[PDB]
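Residue numbers (PDB author numbering), protein chains in the order written: chain G, 140 to 269; chain A, 11 to 132, 139 to 269, 289 to 417; chain F, 418 to 556.
Each residue gets a CB set at the ideal place from its N, CA and C atoms; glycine is no exception.
As structure tokens, the structure follows; a few thoughts come after it.
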Amino acid sequence: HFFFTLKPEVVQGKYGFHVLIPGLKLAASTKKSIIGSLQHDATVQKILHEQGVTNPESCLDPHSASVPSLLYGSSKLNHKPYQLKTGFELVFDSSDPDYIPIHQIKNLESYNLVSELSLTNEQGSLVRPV
Amino acid sequence: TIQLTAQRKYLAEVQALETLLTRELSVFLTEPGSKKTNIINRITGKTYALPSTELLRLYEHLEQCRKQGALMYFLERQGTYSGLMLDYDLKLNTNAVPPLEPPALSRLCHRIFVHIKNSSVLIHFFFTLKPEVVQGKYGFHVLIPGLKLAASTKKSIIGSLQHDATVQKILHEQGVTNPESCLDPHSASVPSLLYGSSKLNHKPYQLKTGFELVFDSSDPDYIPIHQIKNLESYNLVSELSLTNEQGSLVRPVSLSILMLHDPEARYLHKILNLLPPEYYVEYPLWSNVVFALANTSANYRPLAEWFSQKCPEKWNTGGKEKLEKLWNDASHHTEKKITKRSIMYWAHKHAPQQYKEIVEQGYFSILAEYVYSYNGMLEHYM
Amino acid sequence: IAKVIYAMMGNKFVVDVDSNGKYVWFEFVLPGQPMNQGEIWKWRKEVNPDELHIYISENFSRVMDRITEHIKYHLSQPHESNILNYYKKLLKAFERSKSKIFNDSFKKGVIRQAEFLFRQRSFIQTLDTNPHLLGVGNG
């Protein structure tokens with residue numbers, strides 16, 4: 140499951156975005172390696188430029204996975220909580236993940252989003268502990 | 011038969027369709043064998059060359075009648091430009107429903123996408145299936161009307177998919193005992209049917225799933241299969257039409292004619308099938324029945340011709356030419372007046388107790404027509 | 418019904434009164450219809466019109482169905498309440514009255530009424546007046 144949440148916008152230097160993927164459990168230096176790989180990734184920068192972003196880099200902080208996160212609806216001090224934008228379900232296969240059904244999820248409101256989106260929650264209904 | 015009359019009676023949309031065909035679509039007449047036709051109904055074998063406006067109006071009205079639950083038999087023949095029509099007939103060992111899943115359908119989408127990128131390129141996938149519960153299990157039809165590349169390239173793609181085993185591997189994952197011969201070689205070479213059209217003594221195809229996969233010319237490696245169904249909003253008949261480039265959701269990337296003329300000819304054909312063909316074998320009695328049918332009008336010449344093809348060794352070098360000779364003789368004959376009465380007598384003799392239900396069904400339908408037409412107001416002469 | 422029927426076959430039936438006062442019918446034989454030997458392209462006498470009744474029951478039904486579907490089409494279109502109600506009563510009466518064309522007594526009355534329209538004065542006495550016309554087996 141792929142969940143995209145973002146700020147309510149209308150603030151200097153645009154908003155902030157947080158994709159949340161609590162399906163897997165691989166908290167290690169591999170996360171730092173993935174952060175570094177995305178740091179020099181140019182396809183995401185090109186996509187951001189298509190979205191009119193003047194700051195292709197420095198948006199993804201290198202210490203993303205080394206700091207505590209916020210649950211859904213957890214605003215910052217003197218700020219506003221994040222709101223979900225889209226949710227897409229994409230299954231995976233070990234043999235050949237070439238096929239990619241990113242087909243959009245329907246009726247996310249039926250689930251306890253706070254429980255499902257929690258990293259430490261393995262017993263989530265919508266999500267699974269991969 | 012009876013169901014068609016019932017639907018014509020208690021459904022107003024059927025009346026609207028009939029009026030539209032008789033008034034607006036009559037002027038768009040098309041020859042029975044000409045390639046200019048795009049919509050053909052096998053119920054009456056009507057052929058039309060409707061422009062875009064008439065096409066879309068017919069699509070909308072077919073959408074309404076299908077949503078009501080009528081019985082359609084329309085067909086369309088692909089032109090030099092059309093989408094992808096695929097006739098996937100599943101022949102399973104067991105007639106048990108296989109629980110197909112959206113991930114498997116998306117995997118099939120990626121497989122066919124890989125199979126088709128090996129040509130010139132620059139999309140909505142529609143998966144409809146039979147209602148199952150039938151011998152040899154059900155069938156499937158993937159419909160891709162987005163593009164327009166109807167040419168020998170389609171034949172090349174069909175040939176490439178014919179020997180594909182990865183699709184067959186998926187079928188065996190679903191427990192299918194017909195990995196080969198499932199895809200007909202004339203997949204895109206036959207006139208298909210618009211969505212909602214049924215088959216003779218077969219329920220119409222119902223849609224299973226809908227997917228969307230945008231083609232990426234810049235990054236063909238990107239295959240984002242993502243879709244939101246919302247299928248009730250779209251005019252499915254118009255959207256799924258191959259010739260309809262202007263769909264909303266999708267983007268434009289002999290004897291048969293005689294039996295159509297006369298149901299009594301259908302009746303005569305049945306009773307002719309009833310009696311044994313031994314009487315046909317010998318010249319005397321076959322000539323007798325030929326004269327008997329020739330007495331009944333002159334347009335039944337092909338009908339006897341139909342009865343002539345049996346035993347071709349007698350038909351050719353003999354039967355074929357002596358049949359027309361006898362017909363020419365009967366064109367002026369007035370000495371003998373054998374009629375259909377003798378044929379019913381012979382049918383009663385040779386195969387008793389079996390033609391009685393045939394005739395019962397015949398006049399049962401005859402009177403049922405009247406009772407449906409006039410709301411049970413029985414009166415003289417009916 | 419009689420006016421429409423007179424519009425149907427104005428060229429195929431003639432009604433005339435003989436000396437005895439009984440109306441008699443005459444019809445023009447056309448090729449390809451049930452007939453005796455060799456009366457093609459000629460007028461034949463008749464007492465109780467058969468083909469007339471058959472046409473009353475068979476062909477007239479097509480025009481009746483045309484009227485019915487025209488009413489269907491006008492009812493289908495959106496309009497006000499009053500016009501829809503008026504069309505509903507019109508259709509309700511018309512469908513009840515439509516089945517009457519199969520009744521035997523109604524058909525007999527229609528024929529009796531229509532025999533006045535089909536009359537052509539001075540037709541019996543002008544038969545065969547021209548001596549230069551002869552009726553042969555084939556014309």
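Beta-carbon gap between residue i and residue j smaller than 9 Å
i	j	result
A:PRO207	A:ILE50	yes
A:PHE143	A:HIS120	no
A:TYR69	A:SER213	no
G:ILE174	G:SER197	no
G:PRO147	G:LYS215	no
F:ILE418	F:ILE500	no
G:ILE160	A:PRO240	no
A:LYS224	A:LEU100	no
F:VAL441	F:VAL421	no
F:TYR490	A:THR63	no
A:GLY43	A:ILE292	no
A:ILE139	A:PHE231	yes
F:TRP460	F:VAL431	yes
F:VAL446	F:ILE541	no
A:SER343	A:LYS360	no
Endpoints, the beta strand (DSSP E) within which residue i is located
i	result
F:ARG461	460-463
F:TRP442	440-445
A:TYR58	56-58
F:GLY526	Taken as a continuous stretch (DSSP letters only), F:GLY526 belongs to no beta strand (DSSP E), being part of the alpha helix (DSSP H) at 521-534.
G:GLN222	222-227
A:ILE160	155-160
A:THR144	140-145
G:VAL183	Per DSSP, G:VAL183 belongs to no beta strand (DSSP E); it is in the alpha helix (DSSP H), 182-189.
A:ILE12	First-last for A:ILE12: 12-20, but that is the alpha helix (DSSP H), not the beta strand (DSSP E).
Close-in-space but distant-in-sequence residues of the same chain around residue i (CB under 6 Å, 5 per side omitted)
i	result
A:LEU290	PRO337 and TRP341
A:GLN184	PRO195
A:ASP200	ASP97
Spatial neighbours of residue i in its chain, beta-carbon cut-off 8 Å, leaving aside the 5 residues before and after
i	result
A:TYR314	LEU320, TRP321, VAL324 and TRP381
A:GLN17	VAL24, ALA80 and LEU81
G:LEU210	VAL253, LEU256 and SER257
Short CB-CB distance (under 9 Å) between residue i and chain A
i	result
G:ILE241	yes
F:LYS489	yes
G:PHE143	no
G:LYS245	yes
F:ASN502	no
G:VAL230	yes
G:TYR211	no
F:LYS515	yes
F:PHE519	yes
F:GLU497	no
Neighbour flag for residue i against chain G, beta carbons, 9 Å
i	result
A:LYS224	no
A:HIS120	yes
residue 283 of chain A	In the model as presented, chain A runs from 269 straight to 289, which leaves residue 283 of chain A without coordinates.
A:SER233	no
A:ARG117	yes
A:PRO147	no
A:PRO112	yes
Neighbour flag for residue i against chain F, beta carbons, 9 Å
i	result
A:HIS367	no
A:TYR335	no
A:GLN17	no
A:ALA26	yes
A:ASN351	no
A:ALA22	yes
A:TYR221	no
Cutoff 7 Å; reference residue i; Cβ partners in own chain excluding five residues on either side
i	result
F:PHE533	none
G:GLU261	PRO268
A:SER366	none
A:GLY397	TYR302
A:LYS245	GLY226
Unbroken alpha helix (DSSP H) run spanning residue i, endpoints
i	result
A:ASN260	Per DSSP, A:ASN260 belongs to no alpha helix (DSSP H) and is neither H nor E.
F:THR543	First-last for F:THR543: undefined, no H or E at that position.
G:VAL206	Per DSSP, G:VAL206 belongs to no alpha helix (DSSP H) and is neither H nor E.
A:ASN308	298-309
A:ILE173	168-178
A:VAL325	318-330
F:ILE422	419-425
Closer than 7 Å at the beta carbon, the chain B residues around residue i
i	result
A:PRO347	You won't find chain B in this structure, because its protein chains are G, A and F.
Completely contained beta strand (DSSP E) runs for the region 68-125 of chain A, where each covers 3 or more residues: If we require 3 residues or more, the beta strand (DSSP E) runs fully inside the region 68-125 of chain A come out as 84-86.
Contained alpha helix (DSSP H) runs [length at least 4] in the region 340-412 of chain A, N- to C-terminal order: Taking only runs of at least 4 residues, the alpha helix (DSSP H) segments lying wholly in the region 340-412 of chain A are 355-365, 375-385 and 390-408.
3-residue-minimum beta strand (DSSP E) runs that sit fully inside the region 446-500 of chain F, ordered along the chain: The DSSP assignment places complete beta strand (DSSP E) segments of no fewer than 3 residues inside the region 446-500 of chain F at 460-463, in order along the chain.
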